[PDB]
>>> print(open('start.cif').read())   # mmCIF, C-alpha atoms
data_entry
loop_
_atom_site.group_PDB
_atom_site.id
_atom_site.type_symbol
_atom_site.label_atom_id
_atom_site.label_comp_id
_atom_site.auth_asym_id
_atom_site.auth_seq_id
_atom_site.Cartn_x
_atom_site.Cartn_y
_atom_site.Cartn_z
ATOM 1 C CA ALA A 1 -20.312 -12.227 35.243
ATOM 2 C CA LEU A 2 -16.750 -11.002 34.922
ATOM 3 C CA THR A 3 -13.946 -13.288 33.734
ATOM 4 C CA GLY A 4 -10.699 -11.339 34.080
ATOM 5 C CA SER A 5 -9.095 -9.951 37.260
ATOM 6 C CA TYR A 6 -10.703 -6.569 37.076
ATOM 7 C CA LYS A 7 -10.583 -3.167 35.489
ATOM 8 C CA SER A 8 -9.136 -1.597 38.600
ATOM 9 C CA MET A 9 -8.973 -0.907 42.305
ATOM 10 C CA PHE A 10 -9.557 2.909 42.467
ATOM 11 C CA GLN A 11 -12.987 4.508 42.815
ATOM 12 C CA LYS A 12 -14.334 7.978 41.976
ATOM 13 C CA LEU A 13 -16.827 9.165 44.625
ATOM 14 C CA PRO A 14 -18.594 10.936 41.761
ATOM 15 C CA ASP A 15 -19.633 7.500 40.557
ATOM 16 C CA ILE A 16 -20.418 5.539 43.727
ATOM 17 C CA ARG A 17 -22.921 8.328 44.080
ATOM 18 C CA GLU A 18 -24.261 7.754 40.543
ATOM 19 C CA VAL A 19 -24.661 4.096 41.465
ATOM 20 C CA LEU A 20 -26.486 4.262 44.764
ATOM 21 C CA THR A 21 -28.887 6.635 43.027
ATOM 22 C CA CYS A 22 -29.648 4.348 40.081
ATOM 23 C CA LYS A 23 -30.043 1.592 42.615
ATOM 24 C CA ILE A 24 -32.941 3.443 44.174
ATOM 25 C CA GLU A 25 -34.321 4.990 40.968
ATOM 26 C CA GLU A 26 -34.410 1.724 39.066
ATOM 27 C CA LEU A 27 -36.127 -0.346 41.679
ATOM 28 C CA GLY A 28 -38.332 2.601 42.388
ATOM 29 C CA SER A 29 -39.122 3.116 38.735
ATOM 30 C CA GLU A 30 -40.386 -0.456 38.714
ATOM 31 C CA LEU A 31 -41.985 -0.493 42.166
ATOM 32 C CA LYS A 32 -43.948 2.512 40.887
ATOM 33 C CA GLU A 33 -45.108 0.543 37.864
ATOM 34 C CA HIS A 34 -46.233 -2.351 40.060
ATOM 35 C CA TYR A 35 -48.234 -0.706 42.818
ATOM 36 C CA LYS A 36 -49.121 1.873 40.091
ATOM 37 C CA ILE A 37 -48.495 4.923 42.338
ATOM 38 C CA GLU A 38 -48.840 8.266 40.575
ATOM 39 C CA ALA A 39 -45.908 10.296 41.811
ATOM 40 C CA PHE A 40 -43.377 10.281 44.572
ATOM 41 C CA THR A 41 -43.098 13.434 46.730
ATOM 42 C CA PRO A 42 -39.883 15.254 47.552
ATOM 43 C CA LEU A 43 -38.659 14.185 51.007
ATOM 44 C CA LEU A 44 -38.184 17.851 51.688
ATOM 45 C CA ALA A 45 -41.502 19.287 50.409
ATOM 46 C CA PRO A 46 -44.041 19.597 53.243
ATOM 47 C CA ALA A 47 -47.765 18.974 52.842
ATOM 48 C CA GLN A 48 -50.788 18.091 54.982
ATOM 49 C CA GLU A 49 -52.054 15.257 52.737
ATOM 50 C CA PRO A 50 -50.465 11.759 52.809
ATOM 51 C CA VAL A 51 -47.456 11.359 50.547
ATOM 52 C CA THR A 52 -45.552 8.520 48.862
ATOM 53 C CA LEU A 53 -41.817 9.033 49.207
ATOM 54 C CA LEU A 54 -39.033 7.086 47.524
ATOM 55 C CA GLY A 55 -35.748 6.520 49.207
ATOM 56 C CA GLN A 56 -33.351 4.240 50.929
ATOM 57 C CA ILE A 57 -33.265 3.686 54.628
ATOM 58 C CA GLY A 58 -30.066 4.373 56.520
ATOM 59 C CA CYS A 59 -29.062 4.967 60.082
ATOM 60 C CA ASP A 60 -28.362 8.418 61.493
ATOM 61 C CA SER A 61 -25.193 7.411 63.373
ATOM 62 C CA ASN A 62 -22.370 4.828 63.344
ATOM 63 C CA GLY A 63 -24.225 2.250 65.438
ATOM 64 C CA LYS A 64 -26.974 -0.373 65.259
ATOM 65 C CA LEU A 65 -30.000 0.794 63.233
ATOM 66 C CA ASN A 66 -33.135 1.018 65.468
ATOM 67 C CA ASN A 67 -36.907 1.844 65.574
ATOM 68 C CA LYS A 68 -36.025 5.380 66.618
ATOM 69 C CA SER A 69 -33.035 6.355 64.477
ATOM 70 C CA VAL A 70 -34.289 5.155 61.081
ATOM 71 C CA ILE A 71 -34.000 7.701 58.263
ATOM 72 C CA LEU A 72 -34.793 7.782 54.592
ATOM 73 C CA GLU A 73 -32.426 9.335 52.060
ATOM 74 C CA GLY A 74 -34.345 10.086 48.906
ATOM 75 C CA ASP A 75 -33.110 9.731 45.366
ATOM 76 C CA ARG A 76 -31.306 12.400 43.378
ATOM 77 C CA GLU A 77 -33.912 12.734 40.593
ATOM 78 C CA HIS A 78 -36.679 13.801 42.981
ATOM 79 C CA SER A 79 -35.235 14.799 46.313
ATOM 80 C CA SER A 80 -31.763 15.627 45.211
ATOM 81 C CA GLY A 81 -30.468 13.458 48.022
ATOM 82 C CA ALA A 82 -32.236 14.990 50.975
ATOM 83 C CA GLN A 83 -32.331 13.008 54.250
ATOM 84 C CA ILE A 84 -35.455 13.090 56.469
ATOM 85 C CA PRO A 85 -35.663 10.938 59.618
ATOM 86 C CA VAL A 86 -38.614 8.491 59.909
ATOM 87 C CA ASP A 87 -41.390 8.075 62.468
ATOM 88 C CA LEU A 88 -42.670 4.541 62.807
ATOM 89 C CA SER A 89 -44.814 4.766 65.948
ATOM 90 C CA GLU A 90 -47.740 4.623 63.551
ATOM 91 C CA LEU A 91 -46.618 1.639 61.536
ATOM 92 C CA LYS A 92 -47.956 -1.875 62.064
ATOM 93 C CA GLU A 93 -45.863 -4.331 60.053
ATOM 94 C CA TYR A 94 -42.392 -3.403 58.903
ATOM 95 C CA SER A 95 -39.069 -4.991 58.069
ATOM 96 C CA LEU A 96 -36.193 -2.551 57.711
ATOM 97 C CA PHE A 97 -32.464 -2.699 57.085
ATOM 98 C CA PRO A 98 -29.917 -0.038 56.213
ATOM 99 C CA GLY A 99 -29.791 0.510 52.463
ATOM 100 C CA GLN A 100 -33.217 -1.069 51.989
ATOM 101 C CA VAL A 101 -34.733 0.536 48.902
ATOM 102 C CA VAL A 102 -38.226 1.333 50.174
ATOM 103 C CA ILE A 103 -41.435 3.087 49.139
ATOM 104 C CA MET A 104 -43.157 4.700 52.105
ATOM 105 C CA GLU A 105 -46.492 6.518 52.499
ATOM 106 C CA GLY A 106 -47.052 8.736 55.521
ATOM 107 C CA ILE A 107 -47.418 12.327 56.520
ATOM 108 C CA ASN A 108 -44.718 14.932 56.465
ATOM 109 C CA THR A 109 -46.293 18.296 57.128
ATOM 110 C CA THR A 110 -43.257 20.226 58.302
ATOM 111 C CA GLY A 111 -41.049 18.418 55.808
ATOM 112 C CA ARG A 112 -38.669 17.607 58.683
ATOM 113 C CA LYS A 113 -40.123 14.241 59.619
ATOM 114 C CA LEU A 114 -42.290 11.658 57.918
ATOM 115 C CA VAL A 115 -44.736 9.635 59.900
ATOM 116 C CA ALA A 116 -44.949 6.407 58.009
ATOM 117 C CA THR A 117 -48.426 5.056 57.306
ATOM 118 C CA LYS A 118 -47.531 2.199 54.950
ATOM 119 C CA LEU A 119 -44.321 0.389 53.870
ATOM 120 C CA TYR A 120 -44.865 -1.145 50.500
ATOM 121 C CA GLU A 121 -43.773 -4.789 50.309
ATOM 122 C CA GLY A 122 -40.685 -5.529 48.288
ATOM 123 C CA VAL A 123 -41.186 -6.930 44.805
ATOM 124 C CA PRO A 124 -38.815 -9.595 43.366
ATOM 125 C CA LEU A 125 -38.091 -10.517 39.775
ATOM 126 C CA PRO A 126 -39.905 -13.088 37.685
ATOM 127 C CA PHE A 127 -38.277 -16.533 37.786
ATOM 128 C CA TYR A 128 -36.538 -18.063 34.737
ATOM 129 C CA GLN A 129 -38.733 -19.114 31.791
ATOM 130 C CA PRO A 130 -37.795 -22.715 30.930
ATOM 131 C CA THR A 131 -37.272 -23.348 27.231
ATOM 132 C CA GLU A 132 -38.622 -26.662 25.938
ATOM 133 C CA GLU A 133 -35.081 -28.069 25.906
ATOM 134 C CA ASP A 134 -34.695 -27.672 29.684
ATOM 135 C CA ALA A 135 -37.650 -29.978 30.365
ATOM 136 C CA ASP A 136 -35.897 -32.684 28.350
ATOM 137 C CA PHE A 137 -32.985 -33.019 30.810
ATOM 138 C CA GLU A 138 -32.814 -35.842 33.364
ATOM 139 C CA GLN A 139 -32.249 -35.799 37.120
ATOM 140 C CA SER A 140 -28.968 -34.404 38.443
ATOM 141 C CA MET A 141 -27.620 -34.204 41.934
ATOM 142 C CA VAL A 142 -25.591 -31.216 43.032
ATOM 143 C CA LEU A 143 -23.414 -31.349 46.082
ATOM 144 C CA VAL A 144 -22.419 -28.068 47.646
ATOM 145 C CA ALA A 145 -19.923 -27.148 50.365
ATOM 146 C CA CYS A 146 -18.016 -24.117 51.584
ATOM 147 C CA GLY A 147 -14.811 -23.736 53.594
ATOM 148 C CA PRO A 148 -12.969 -23.362 55.967
ATOM 149 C CA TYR A 149 -11.794 -26.719 54.820
ATOM 150 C CA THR A 150 -9.508 -27.429 57.771
ATOM 151 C CA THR A 151 -9.614 -27.380 61.525
ATOM 152 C CA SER A 152 -8.673 -24.105 63.141
ATOM 153 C CA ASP A 153 -5.832 -25.879 64.978
ATOM 154 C CA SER A 154 -4.295 -27.823 62.078
ATOM 155 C CA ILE A 155 -3.456 -27.519 58.376
ATOM 156 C CA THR A 156 -4.490 -31.050 57.658
ATOM 157 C CA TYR A 157 -7.418 -30.235 55.442
ATOM 158 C CA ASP A 158 -8.719 -33.509 56.810
ATOM 159 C CA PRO A 159 -12.344 -32.504 56.190
ATOM 160 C CA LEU A 160 -11.222 -31.572 52.735
ATOM 161 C CA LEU A 161 -10.290 -35.154 52.100
ATOM 162 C CA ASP A 162 -13.374 -36.604 53.766
ATOM 163 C CA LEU A 163 -15.275 -34.376 51.387
ATOM 164 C CA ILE A 164 -13.390 -35.747 48.410
ATOM 165 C CA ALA A 165 -14.085 -39.343 49.418
ATOM 166 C CA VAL A 166 -17.720 -38.441 49.873
ATOM 167 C CA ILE A 167 -17.677 -36.731 46.500
ATOM 168 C CA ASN A 168 -16.464 -40.053 45.062
ATOM 169 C CA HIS A 169 -18.736 -42.424 46.917
ATOM 170 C CA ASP A 170 -21.877 -40.574 45.941
ATOM 171 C CA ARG A 171 -20.569 -39.580 42.475
ATOM 172 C CA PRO A 172 -22.373 -36.176 42.266
ATOM 173 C CA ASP A 173 -23.012 -34.420 38.914
ATOM 174 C CA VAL A 174 -21.728 -31.055 40.222
ATOM 175 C CA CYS A 175 -19.705 -30.070 43.290
ATOM 176 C CA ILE A 176 -19.841 -26.334 43.859
ATOM 177 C CA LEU A 177 -17.174 -25.473 46.379
ATOM 178 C CA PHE A 178 -17.081 -22.244 48.305
ATOM 179 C CA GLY A 179 -13.876 -20.614 49.489
ATOM 180 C CA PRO A 180 -11.989 -19.994 51.839
ATOM 181 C CA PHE A 181 -9.639 -22.724 50.738
ATOM 182 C CA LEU A 182 -6.836 -20.961 52.488
ATOM 183 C CA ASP A 183 -8.545 -19.103 55.340
ATOM 184 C CA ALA A 184 -7.131 -15.574 55.678
ATOM 185 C CA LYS A 185 -8.285 -16.036 59.237
ATOM 186 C CA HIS A 186 -6.700 -19.407 59.928
ATOM 187 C CA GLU A 187 -4.415 -18.742 62.895
ATOM 188 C CA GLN A 188 -1.245 -20.054 61.269
ATOM 189 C CA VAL A 189 -1.947 -18.145 58.096
ATOM 190 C CA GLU A 190 -2.346 -14.749 59.777
ATOM 191 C CA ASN A 191 0.799 -15.019 61.808
ATOM 192 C CA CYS A 192 2.622 -16.199 58.691
ATOM 193 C CA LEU A 193 4.237 -19.240 60.209
ATOM 194 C CA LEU A 194 3.546 -21.338 57.105
ATOM 195 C CA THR A 195 6.768 -22.315 55.379
ATOM 196 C CA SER A 196 5.103 -22.228 52.024
ATOM 197 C CA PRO A 197 3.964 -19.384 49.803
ATOM 198 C CA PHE A 198 0.263 -18.770 49.789
ATOM 199 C CA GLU A 199 -0.092 -18.997 46.015
ATOM 200 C CA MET B 1 -61.712 21.323 18.192
ATOM 201 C CA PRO B 2 -59.137 18.541 18.938
ATOM 202 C CA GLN B 3 -55.435 19.294 19.259
ATOM 203 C CA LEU B 4 -52.987 17.885 16.676
ATOM 204 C CA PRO B 5 -50.216 15.611 17.937
ATOM 205 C CA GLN B 6 -46.782 17.174 18.383
ATOM 206 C CA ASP B 7 -44.784 14.959 15.993
ATOM 207 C CA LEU B 8 -47.530 14.911 13.363
ATOM 208 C CA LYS B 9 -45.985 14.297 9.935
ATOM 209 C CA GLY B 10 -47.310 13.464 6.477
ATOM 210 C CA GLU B 11 -47.284 13.498 2.684
ATOM 211 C CA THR B 12 -46.923 17.277 2.174
ATOM 212 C CA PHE B 13 -45.328 18.475 5.418
ATOM 213 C CA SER B 14 -42.104 17.591 7.227
ATOM 214 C CA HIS B 15 -43.162 19.305 10.424
ATOM 215 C CA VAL B 16 -45.947 21.361 11.936
ATOM 216 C CA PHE B 17 -45.625 24.178 14.546
ATOM 217 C CA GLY B 18 -48.177 25.733 16.927
ATOM 218 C CA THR B 19 -49.852 22.633 18.210
ATOM 219 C CA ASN B 20 -49.679 23.021 21.987
ATOM 220 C CA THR B 21 -49.181 26.768 22.319
ATOM 221 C CA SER B 22 -51.504 28.154 25.020
ATOM 222 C CA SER B 23 -54.187 30.758 24.233
ATOM 223 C CA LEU B 24 -52.670 32.918 26.957
ATOM 224 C CA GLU B 25 -49.439 33.345 25.036
ATOM 225 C CA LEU B 26 -51.164 33.527 21.653
ATOM 226 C CA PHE B 27 -53.151 36.433 23.064
ATOM 227 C CA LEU B 28 -50.391 38.270 24.914
ATOM 228 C CA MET B 29 -48.389 38.294 21.660
ATOM 229 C CA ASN B 30 -51.017 38.878 18.957
ATOM 230 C CA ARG B 31 -51.999 42.117 20.701
ATOM 231 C CA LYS B 32 -48.531 43.042 22.014
ATOM 232 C CA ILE B 33 -49.498 43.253 25.685
ATOM 233 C CA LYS B 34 -46.306 43.974 27.546
ATOM 234 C CA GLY B 35 -47.608 43.186 30.994
ATOM 235 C CA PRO B 36 -49.517 45.494 33.348
ATOM 236 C CA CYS B 37 -51.088 48.401 31.455
ATOM 237 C CA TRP B 38 -54.283 49.912 30.099
ATOM 238 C CA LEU B 39 -56.345 48.041 27.561
ATOM 239 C CA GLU B 40 -59.263 49.246 25.519
ATOM 240 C CA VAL B 41 -61.977 46.659 25.024
ATOM 241 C CA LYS B 42 -64.350 47.442 22.121
ATOM 242 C CA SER B 43 -67.921 46.165 21.690
ATOM 243 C CA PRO B 44 -67.957 44.693 25.206
ATOM 244 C CA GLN B 45 -70.671 42.132 25.868
ATOM 245 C CA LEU B 46 -72.687 41.249 28.946
ATOM 246 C CA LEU B 47 -72.474 37.922 30.710
ATOM 247 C CA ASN B 48 -75.870 36.379 31.337
ATOM 248 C CA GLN B 49 -74.383 35.605 34.723
ATOM 249 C CA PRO B 50 -71.214 36.716 36.539
ATOM 250 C CA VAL B 51 -68.134 34.459 36.571
ATOM 251 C CA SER B 52 -65.984 36.369 39.005
ATOM 252 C CA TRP B 53 -66.104 37.896 42.468
ATOM 253 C CA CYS B 54 -64.907 41.135 40.868
ATOM 254 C CA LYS B 55 -67.163 44.221 41.120
ATOM 255 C CA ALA B 56 -67.291 44.544 37.334
ATOM 256 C CA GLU B 57 -67.324 42.106 34.443
ATOM 257 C CA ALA B 58 -67.312 42.312 30.643
ATOM 258 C CA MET B 59 -66.493 40.034 27.708
ATOM 259 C CA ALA B 60 -64.986 40.367 24.212
ATOM 260 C CA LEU B 61 -66.037 37.990 21.427
ATOM 261 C CA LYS B 62 -62.758 38.232 19.441
ATOM 262 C CA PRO B 63 -59.268 39.049 20.898
ATOM 263 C CA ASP B 64 -58.479 41.687 18.257
ATOM 264 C CA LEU B 65 -61.121 43.589 20.224
ATOM 265 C CA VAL B 66 -58.606 44.149 22.992
ATOM 266 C CA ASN B 67 -55.776 46.556 22.413
ATOM 267 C CA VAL B 68 -53.572 48.749 24.613
ATOM 268 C CA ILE B 69 -53.612 52.447 25.359
ATOM 269 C CA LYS B 70 -50.420 53.532 27.082
ATOM 270 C CA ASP B 71 -51.514 57.133 27.701
ATOM 271 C CA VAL B 72 -53.147 57.225 31.151
ATOM 272 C CA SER B 73 -52.050 56.964 34.788
ATOM 273 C CA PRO B 74 -51.419 53.747 36.763
ATOM 274 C CA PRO B 75 -54.128 53.076 39.344
ATOM 275 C CA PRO B 76 -52.559 52.345 42.775
ATOM 276 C CA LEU B 77 -53.146 48.871 44.091
ATOM 277 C CA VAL B 78 -55.049 47.058 46.828
ATOM 278 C CA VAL B 79 -52.747 45.343 49.233
ATOM 279 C CA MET B 80 -52.906 42.801 51.999
ATOM 280 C CA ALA B 81 -50.206 41.212 54.126
ATOM 281 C CA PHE B 82 -51.076 38.372 56.452
ATOM 282 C CA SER B 83 -49.311 36.468 59.109
ATOM 283 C CA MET B 84 -51.073 33.321 60.256
ATOM 284 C CA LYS B 85 -50.720 30.974 63.179
ATOM 285 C CA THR B 86 -51.252 27.196 63.312
ATOM 286 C CA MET B 87 -50.987 24.221 65.629
ATOM 287 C CA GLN B 88 -50.398 20.488 65.059
ATOM 288 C CA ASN B 89 -53.149 18.235 66.399
ATOM 289 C CA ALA B 90 -52.826 16.322 69.671
ATOM 290 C CA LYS B 91 -54.573 13.356 68.110
ATOM 291 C CA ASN B 92 -53.240 13.000 64.587
ATOM 292 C CA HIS B 93 -51.232 14.783 61.895
ATOM 293 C CA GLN B 94 -53.112 18.023 61.177
ATOM 294 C CA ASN B 95 -51.948 21.607 61.525
ATOM 295 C CA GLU B 96 -54.990 23.709 62.550
ATOM 296 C CA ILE B 97 -55.457 27.387 61.794
ATOM 297 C CA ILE B 98 -55.961 29.157 65.053
ATOM 298 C CA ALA B 99 -55.709 32.767 63.842
ATOM 299 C CA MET B 100 -54.916 35.229 61.066
ATOM 300 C CA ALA B 101 -54.249 38.913 61.128
ATOM 301 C CA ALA B 102 -54.281 40.738 57.804
ATOM 302 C CA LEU B 103 -53.026 44.322 57.219
ATOM 303 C CA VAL B 104 -54.257 46.408 54.350
ATOM 304 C CA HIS B 105 -53.905 49.411 52.169
ATOM 305 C CA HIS B 106 -56.469 50.330 49.546
ATOM 306 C CA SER B 107 -54.037 52.644 47.822
ATOM 307 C CA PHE B 108 -50.596 51.299 47.107
ATOM 308 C CA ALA B 109 -48.649 53.357 44.652
ATOM 309 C CA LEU B 110 -46.791 51.088 42.291
ATOM 310 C CA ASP B 111 -44.905 54.019 40.848
ATOM 311 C CA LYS B 112 -44.216 55.944 44.029
ATOM 312 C CA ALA B 113 -42.401 55.380 47.267
ATOM 313 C CA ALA B 114 -44.197 53.130 49.667
ATOM 314 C CA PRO B 115 -46.888 54.649 51.931
ATOM 315 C CA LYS B 116 -46.159 55.561 55.573
ATOM 316 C CA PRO B 117 -47.242 53.804 57.392
ATOM 317 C CA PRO B 118 -47.855 50.828 54.986
ATOM 318 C CA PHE B 119 -51.505 50.293 55.859
ATOM 319 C CA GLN B 120 -54.623 52.158 56.822
ATOM 320 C CA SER B 121 -57.090 49.370 57.709
ATOM 321 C CA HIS B 122 -56.362 46.089 59.469
ATOM 322 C CA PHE B 123 -57.688 43.232 61.631
ATOM 323 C CA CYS B 124 -57.191 39.802 63.236
ATOM 324 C CA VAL B 125 -59.348 36.643 63.644
#
>>> encode(input="start.cif", output="structure tokens")
Amino acid sequence: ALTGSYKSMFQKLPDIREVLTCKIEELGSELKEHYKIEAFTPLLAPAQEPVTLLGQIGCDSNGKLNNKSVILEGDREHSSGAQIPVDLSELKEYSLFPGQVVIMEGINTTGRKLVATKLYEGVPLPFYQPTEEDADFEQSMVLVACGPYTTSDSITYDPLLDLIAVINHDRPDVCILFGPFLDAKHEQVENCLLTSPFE
Amino acid sequence: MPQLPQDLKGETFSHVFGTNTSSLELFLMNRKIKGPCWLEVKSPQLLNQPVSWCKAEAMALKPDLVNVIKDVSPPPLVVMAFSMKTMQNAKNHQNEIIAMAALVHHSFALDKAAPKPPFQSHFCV
């Protein structure tokens, strides 16, 4: 999971594209192996029979996604990125969010609107297969906490300390601590009144 | 008889060609048919029973029995144009066919300017 600072801080649209597509293809590729569907249909090709599209939701404007405005943007490999809005009136149970890689089955006759009939349920990954060694370990207790680690009106880090103490008292095996240590949002920090360098 | 796999390899051969080539192409080539034309069919046989809605049928046991004869006129063709109308269903999903109206011409000259007008007979249901 990455160790150094980075590789950069400059992106080539020609690649973000490549990504978002794989995103959908991959999952798809596997969702297709699970529910064993036979073939996705182009989001642009019309037909009278029910079809199984492949795509990613997305809103049609800059606002809050909604039951009306949903849209599916297919993958490159099949629908060379065509966008076709979605009709849900006819769908019972659904959970949608922008970017949600989804497999839908409905009817798109004109090829300019798909009336969803079914929204396949997402499929997760298998869980980790414990080696025999991992069953030979004894009980551990992990603490876990995340900042801000100070009150929004002081730089005392009081809570920080309390934490510490608590860490001690209970003597945890692991203490995973979540930033922000120095809150980019802490009032004093954003108006740069601190007399010390961030670093 | 079964069709040999594409990457079939063995003791005496490094590769084999011709596996999945369609009979259509094998024919077309073997006899040198260069598309539309006249073809002589020798020793035609009769089908116990028809296989096509065409007014005349005949069969040839072996392809070499079909050849081409380029020396005779091109028979004009039978045309039909047809606009159709439909309607999506009130209830659900379907696009019904509520009409058709063909146009026709029983003599369309491939090798001559188009007929005027384009059709003799016509209709609409």
>>> resolve_selection(input="start.cif", expression="the PyMOL selection byres ((chain A) within 12 of (chain B))", output="list in words")
residues 46, 47, 48, 49, 50, 87, 89, 90, 106, 107, 108, 109, 110, 113, 114, 115, 116 and 117 of chain A
>>> resolve_selection(input="start.cif", expression="the PyMOL selection byres ((chain A and resi 69-80) around 6)", output="list in words")
residues 21, 42, 43, 54, 55, 56, 57, 58, 59, 60, 66, 68, 81, 82, 83, 84, 85 and 86 of chain A
>>> closest_residue(input="start.cif", among="B:62, B:40, B:3, B:114", to="residue 22 (chain B)", atoms="all atoms listed in the file")
B:3
>>> closest_residue(input="start.cif", among="A:1, A:20, A:9, A:123", to="residue 33 (chain A)", atoms="only C-alpha atoms")
A:123
>>> atom_distance(input="start.cif", atom1="CA of residue 130 (chain A)", atom2="CA of residue 2 (chain A)")
24.4 Å
>>> resolve_selection(input="start.cif", expression="the PyMOL selection byres ((chain B and resi 7) around 12)", output="ChimeraX atom specification")
/B:3-6,8-10,13-20
>>> atom_distance(input="start.cif", atom1="CA of residue 56 (chain B)", atom2="CA of residue 108 (chain B)")
20.5 Å
>>> residues_around(input="start.cif", residues="residue 111 (chain B)", least_positions_apart="2", cutoff="8 Å", atoms="all atoms listed in the file", output="MDAnalysis selection string")
chainID B and resid 74 109 113
>>> write_last_selection(input="start.cif", atoms="C-alpha atoms", output="compact mmCIF listing (two decimals), keeping the file's coordinate frame")
# COMPACT_ATOMS: atom_id res chain seq x y z
CA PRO B 74 -51.42 53.75 36.76
CA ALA B 109 -48.65 53.36 44.65
CA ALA B 113 -42.40 55.38 47.27
>>> atom_distance(input="start.cif", atom1="CA of residue 44 (chain A)", atom2="CA of residue 112 (chain A)")
7.0 Å
>>> residues_near_point(input="start.cif", point="(-56.4, 50.6, 29.4)", cutoff="8 Å", atoms="all atoms listed in the file", output="tab-separated table (two decimals) with C-alpha atoms, keeping the file's coordinate frame")
chain	number	residue	atom	x	y	z
B	37	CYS	CA	-51.09	48.40	31.46
B	38	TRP	CA	-54.28	49.91	30.10
B	39	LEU	CA	-56.34	48.04	27.56
B	40	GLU	CA	-59.26	49.25	25.52
B	68	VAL	CA	-53.57	48.75	24.61
B	69	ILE	CA	-53.61	52.45	25.36
B	70	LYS	CA	-50.42	53.53	27.08
B	72	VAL	CA	-53.15	57.22	31.15
>>> residues_around(input="start.cif", residues="residue 105 (chain B)", least_positions_apart="6", cutoff="10 Å", atoms="all atoms listed in the file", output="PyMOL selection string")
chain B and resi 76-81+115+117-122
>>> residues_near_point(input="start.cif", point="(-58.9, 41.8, 17.3)", cutoff="10 Å", atoms="only C-alpha atoms", output="list in words")
residues 27, 30, 31, 41, 42, 60, 61, 62, 63, 64, 65, 66 and 67 of chain B
>>> closest_residue(input="start.cif", among="A:31, A:155, A:149, A:93", to="residue 122 (chain A)", atoms="all atoms listed in the file")
A:31
>>> residues_around(input="start.cif", residues="residue 57 (chain B)", least_positions_apart="2", cutoff="10 Å", atoms="all atoms listed in the file", output="count of residues only")
12
>>> closest_residue(input="start.cif", among="A:118, A:171, A:7, A:17", to="residue 142 (chain A)", atoms="all atoms listed in the file")
A:171
>>> build_atoms(input="start.cif", residues="region 48-58 of chain B", atoms="N, CA, C and O atoms", output="compact mmCIF listing (two decimals), in the frame of the given file")
# COMPACT_ATOMS: atom_id res chain seq x y z
N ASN B 48 -74.57 36.72 30.78
CA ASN B 48 -75.87 36.38 31.34
C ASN B 48 -75.69 36.34 32.84
O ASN B 48 -76.45 36.96 33.58
N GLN B 49 -74.65 35.65 33.30
CA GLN B 49 -74.38 35.60 34.72
C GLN B 49 -72.91 35.69 35.01
O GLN B 49 -72.09 35.10 34.33
N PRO B 50 -72.56 36.46 36.04
CA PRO B 50 -71.21 36.72 36.54
C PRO B 50 -70.40 35.44 36.68
O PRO B 50 -70.95 34.37 36.94
N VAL B 51 -69.08 35.58 36.51
CA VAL B 51 -68.13 34.46 36.57
C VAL B 51 -67.01 34.76 37.55
O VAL B 51 -66.15 33.92 37.79
N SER B 52 -67.04 35.95 38.11
CA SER B 52 -65.98 36.37 39.01
C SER B 52 -66.42 37.28 40.13
O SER B 52 -67.22 38.19 39.94
N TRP B 53 -65.82 37.08 41.30
CA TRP B 53 -66.10 37.90 42.47
C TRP B 53 -65.63 39.34 42.29
O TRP B 53 -65.49 40.07 43.28
N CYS B 54 -65.35 39.76 41.07
CA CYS B 54 -64.91 41.14 40.87
C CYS B 54 -66.13 42.04 40.67
O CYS B 54 -67.12 41.62 40.06
N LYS B 55 -66.06 43.26 41.20
CA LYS B 55 -67.16 44.22 41.12
C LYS B 55 -67.60 44.64 39.72
O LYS B 55 -68.58 45.35 39.58
N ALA B 56 -66.90 44.20 38.69
CA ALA B 56 -67.29 44.54 37.33
C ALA B 56 -66.80 43.48 36.35
O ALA B 56 -65.67 43.01 36.44
N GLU B 57 -67.67 43.12 35.42
CA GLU B 57 -67.32 42.11 34.44
C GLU B 57 -67.73 42.53 33.04
O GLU B 57 -68.63 43.34 32.86
N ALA B 58 -67.04 41.99 32.04
CA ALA B 58 -67.31 42.31 30.64
C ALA B 58 -66.59 41.29 29.79
O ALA B 58 -65.57 40.76 30.20
